[PDB]
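Source file: my_file20.pdb. Holds: PDB, C-alpha atoms.
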```pdb
ATOM      1  CA  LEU A   1       6.230  16.783  36.240
ATOM      2  CA  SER A   2       9.235  16.186  34.031
ATOM      3  CA  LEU A   3      12.122  18.617  33.918
ATOM      4  CA  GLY A   4      11.205  19.930  30.481
ATOM      5  CA  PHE A   5       7.606  20.779  31.255
ATOM      6  CA  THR A   6       8.571  22.416  34.532
ATOM      7  CA  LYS A   7      11.178  24.517  32.737
ATOM      8  CA  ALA A   8       8.628  25.571  30.130
ATOM      9  CA  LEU A   9       6.237  26.617  32.883
ATOM     10  CA  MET A  10       8.963  28.535  34.715
ATOM     11  CA  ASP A  11       9.878  30.326  31.497
ATOM     12  CA  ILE A  12       6.257  31.315  30.966
ATOM     13  CA  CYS A  13       5.928  32.441  34.590
ATOM     14  CA  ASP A  14       9.053  34.597  34.542
ATOM     15  CA  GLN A  15       8.099  36.110  31.199
ATOM     16  CA  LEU A  16       4.687  36.873  32.679
ATOM     17  CA  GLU A  17       6.262  38.615  35.670
ATOM     18  CA  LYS A  18       7.969  40.985  33.222
ATOM     19  CA  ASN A  19       4.441  42.150  32.276
ATOM     20  CA  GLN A  20       4.937  41.093  28.661
ATOM     21  CA  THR A  21       1.837  39.396  27.268
ATOM     22  CA  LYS A  22       3.097  39.053  23.693
ATOM     23  CA  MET A  23       6.021  36.804  24.583
ATOM     24  CA  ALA A  24       3.928  35.020  27.216
ATOM     25  CA  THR A  25       1.368  34.124  24.548
ATOM     26  CA  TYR A  26       4.103  33.073  22.142
ATOM     27  CA  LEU A  27       5.670  30.811  24.754
ATOM     28  CA  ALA A  28       2.265  29.345  25.615
ATOM     29  CA  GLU A  29       1.631  28.486  21.979
ATOM     30  CA  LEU A  30       5.067  26.890  21.764
ATOM     31  CA  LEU A  31       4.173  24.985  24.937
ATOM     32  CA  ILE A  32       1.035  23.512  23.398
ATOM     33  CA  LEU A  33       2.998  22.807  20.233
ATOM     34  CA  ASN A  34       5.742  20.846  21.961
ATOM     35  CA  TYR A  35       3.655  19.098  24.639
ATOM     36  CA  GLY A  36       0.355  18.792  22.859
ATOM     37  CA  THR A  37      -3.038  19.731  24.233
ATOM     38  CA  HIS A  38      -4.256  16.848  26.396
ATOM     39  CA  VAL A  39      -2.186  14.650  28.695
ATOM     40  CA  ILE A  40      -2.659  10.900  28.600
ATOM     41  CA  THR A  41      -3.394   9.279  31.948
ATOM     42  CA  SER A  42      -4.314   5.863  30.583
ATOM     43  CA  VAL A  43      -3.409   3.598  27.708
ATOM     44  CA  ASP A  44      -4.470   0.003  27.142
ATOM     45  CA  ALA A  45      -1.482  -2.025  26.010
ATOM     46  CA  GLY A  46      -2.732  -4.308  23.299
ATOM     47  CA  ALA A  47      -2.546  -5.594  19.770
ATOM     48  CA  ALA A  48      -4.766  -5.889  16.747
ATOM     49  CA  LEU A  49      -4.998  -7.637  13.414
ATOM     50  CA  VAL A  50      -7.248  -7.479  10.375
TER
ATOM     51  CA  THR B   1     -17.474 -45.978 -59.839
ATOM     52  CA  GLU B   2     -17.974 -49.548 -61.013
ATOM     53  CA  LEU B   3     -18.908 -50.446 -64.571
ATOM     54  CA  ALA B   4     -19.464 -53.819 -66.235
ATOM     55  CA  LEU B   5     -19.992 -54.360 -69.959
ATOM     56  CA  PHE B   6     -21.161 -57.642 -71.503
ATOM     57  CA  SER B   7     -20.420 -59.407 -68.191
ATOM     58  CA  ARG B   8     -16.742 -59.479 -69.187
ATOM     59  CA  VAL B   9     -15.275 -55.953 -69.192
ATOM     60  CA  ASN B  10     -15.023 -54.720 -65.614
ATOM     61  CA  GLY B  11     -13.870 -51.224 -64.632
ATOM     62  CA  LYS B  12     -13.454 -49.758 -61.134
ATOM     63  CA  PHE B  13     -12.447 -46.267 -60.098
ATOM     64  CA  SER B  14     -12.220 -45.408 -56.402
ATOM     65  CA  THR B  15     -11.014 -42.017 -55.191
ATOM     66  CA  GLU B  16     -10.780 -40.739 -51.621
ATOM     67  CA  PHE B  17      -9.889 -37.255 -50.372
ATOM     68  CA  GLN B  18      -9.380 -36.515 -46.693
ATOM     69  CA  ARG B  19      -8.448 -33.086 -45.404
ATOM     70  CA  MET B  20      -7.875 -32.639 -41.681
ATOM     71  CA  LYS B  21      -7.006 -29.337 -40.041
ATOM     72  CA  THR B  22      -6.315 -28.518 -36.405
ATOM     73  CA  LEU B  23      -5.727 -25.090 -34.950
ATOM     74  CA  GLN B  24      -5.297 -24.148 -31.348
ATOM     75  CA  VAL B  25      -4.222 -21.179 -29.286
ATOM     76  CA  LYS B  26      -3.529 -20.742 -25.598
ATOM     77  CA  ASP B  27      -2.914 -17.302 -24.165
ATOM     78  CA  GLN B  28      -2.143 -16.904 -20.498
ATOM     79  CA  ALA B  29      -1.364 -13.858 -18.399
ATOM     80  CA  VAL B  30      -0.446 -14.041 -14.722
ATOM     81  CA  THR B  31       0.054 -10.809 -12.818
ATOM     82  CA  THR B  32       1.039 -10.539  -9.182
ATOM     83  CA  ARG B  33       1.658  -7.630  -6.869
ATOM     84  CA  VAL B  34       2.884  -7.833  -3.294
ATOM     85  CA  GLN B  35       3.254  -4.711  -1.216
ATOM     86  CA  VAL B  36       4.560  -4.560   2.339
ATOM     87  CA  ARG B  37       4.839  -1.444   4.440
ATOM     88  CA  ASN B  38       6.080  -1.608   7.977
ATOM     89  CA  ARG B  39       6.448   0.866  10.842
ATOM     90  CA  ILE B  40       8.251  -0.024  14.038
ATOM     91  CA  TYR B  41       8.774   3.271  15.862
ATOM     92  CA  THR B  42       8.088   6.931  15.573
ATOM     93  CA  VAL B  43      11.078   8.813  16.908
ATOM     94  CA  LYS B  44      10.724  12.465  17.846
ATOM     95  CA  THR B  45      13.001  15.128  19.261
ATOM     96  CA  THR B  46      12.628  16.209  22.875
ATOM     97  CA  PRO B  47      11.532  19.827  23.467
ATOM     98  CA  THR B  48      14.582  20.326  25.699
ATOM     99  CA  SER B  49      16.934  19.843  22.768
ATOM    100  CA  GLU B  50      20.001  21.982  22.205
TER
END
```

How does this structure look as structure tokens?
Amino acid sequence: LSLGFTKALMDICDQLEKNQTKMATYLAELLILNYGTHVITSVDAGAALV
Amino acid sequence: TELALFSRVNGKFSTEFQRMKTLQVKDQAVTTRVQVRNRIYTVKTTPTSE
């Protein structure tokens, strides 16, 4: 994983250890905002014309 | 008109009237629209941005 995603996960983990669900949820929603919902494991490089 | 009296007095009278008229009109209307829109990147800010 990239540095940024790992850091986001570590932030969420440490905030979870503090037994604070409100901030953990907020950080999770920011996580899915910044890094989307699904992760792309394939793209087909191509071109198209109409 | 042609008239002859007594086989000696001749009289001729020839009239001609020509009236020509020519009208013409030519309206023309060309109308062009070219539109070009072009995207070459989408550039976004990294989540690990200070």

With all atoms listed in the file counted and 9 Å as the cut-off, give the residues of chain A in contact with chain B, each with its shortest interatomic distance in Å and the pair that gives it, as a Markdown table.
```
| residue | atom | partner | partner_atom | distance |
| --- | --- | --- | --- | --- |
| A:3 | CA | B:48 | CA | 8.7 |
| A:4 | CA | B:48 | CA | 5.9 |
| A:5 | CA | B:47 | CA | 8.8 |
| A:7 | CA | B:48 | CA | 8.9 |
| A:34 | CA | B:47 | CA | 6.1 |
| A:35 | CA | B:47 | CA | 8.0 |
```

Open item on the list: the PyMOL selection byres ((chain B and resi 11-14) around 6) - which residues does that actually catch in the file I just gave you? List them as JSON, numbers by chain.
Closed with: {"B": [1, 2, 3, 10, 15]}

Task: Atomic separation - atom CA of residue 24 of chain A relative to atom CA of residue 50 of chain B, Å - done: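 Separation of atom CA of residue 50 of chain B and atom CA of residue 24 of chain A: 21.3 Å.
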
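The interatomic distance for the pair atom CA of residue 33 of chain A and atom CA of residue 19 of chain A works out to 22.8 Å.
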
Task: Point-to-point distance in Å for atom CA of residue 25 of chain A and atom CA of residue 12 of chain A - done: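 That distance, rounded to one decimal, is 8.5 Å.
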